[PDB]
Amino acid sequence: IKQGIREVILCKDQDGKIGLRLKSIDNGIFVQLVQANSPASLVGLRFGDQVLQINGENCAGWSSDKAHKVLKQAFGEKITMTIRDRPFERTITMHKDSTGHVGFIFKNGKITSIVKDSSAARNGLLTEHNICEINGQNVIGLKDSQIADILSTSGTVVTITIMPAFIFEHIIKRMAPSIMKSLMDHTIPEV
């Protein structure tokens, strides 16, 4: 989480798409979905990012519909956005033990217990938090088995980006679970 505001410059693809769904939260506008291989992914937009401005208009108070309409009408060539980096999220750094464990139990992406005497305990991991990302990879809507796969295959250092469940459940509301698994960008970014 870059405790910072940043400018991104987007470019609608061949099909007039940017690969983004947006959600009204507490009179702000947040990223609900970033489509794999879209302009939004290539420029590095993330789930939970806040959109402060779109072509220099402020987003405060906008409906999800108005933000989507606004994107639908931009003159294609160049869209500037002002982003605040995942403001509802925090990063926690943990170390596997000899057994390969960081030291929690999660269900449907949501941490439900912290194992006594673990790296997860020592680092103050919380329950009732959804897993958004692991070592910078978005895991939102992957099966629980595939999130364990990624944790297993990670190096002894594991970085987990988490979000309070209430806020998580508010953001993904009215997005069908298949769209999350199918189309939410789960790739490592390209350099």
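We number the residues from 1 along the sequence you see.
- Averaged over their C-alpha atoms, the temperature factors of 104 to 112 and 69 to 77 are higher for 69 to 77.
- On average the C-alpha atoms of 170 to 178 have higher B-factors than those of the other stretch, with 13 to 21 and 170 to 178 being the two compared.
- The residue among 28, 39, 124, 155 whose C-alpha atom has the highest B-factor in the PDB entry is 155.
- Within the listed group 149, 49, 128, 133, the record reports its top CA B-factor for 149.
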